[PDB]
C-alpha cells in the first residue's frame, strides 16, 4: 500500500503477460468501482480519463497509467487490470495506493 503525498506523480503498472487482448483498467475505492480505460496491445480502445490529470503512457513496449497530481479523495484505492478471453477475465496483481 504505497503512500503518496498530495501533488506527487504516481505510476501504475500491470504485470499481466503480454498478449494482443483487450484489457480493462479500473479501480475500486470506498465510493465504488470506477472504470478508467481499455487497451489492446498499445492501442487505446476507450478512455474515460481527463488528459489534463491522467496520461496513458505506452512508451517502453508496455502500458502504464500516470497520475500527474495525486489527490487522496480521488485516486486512493485498488487498481486492477483484466484481460478478457474465453468469456472471462484474467487479472493482474493488484496495486493499492493511499494518501498521507
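Residue numbers count along the first chain shown, from 1.
### 57-65 or 28-36, whichever carries the higher mean Cα B-factor
Between 57-65 and 28-36, it is 57-65 that shows the higher mean C-alpha B-factor.
### Task
For the higher mean C-alpha B factor in the entry, choose 69-77 or 43-51.
Averaging CA B-factors over each stretch, the winner is 69-77.
### Message
Please say which third, lowest, middle or highest, residue 21 falls into when its CA temperature factor is compared across its chain.
### Response
Middle third, going by the recorded CA B-factors of the chain.
### Query
Within this chain, which third does the Cα B-factor at residue 10 fall in: lowest, middle or highest?
Its C-alpha B-factor, which the entry lists for residue 10, ranks in the middle third among residues of this chain.
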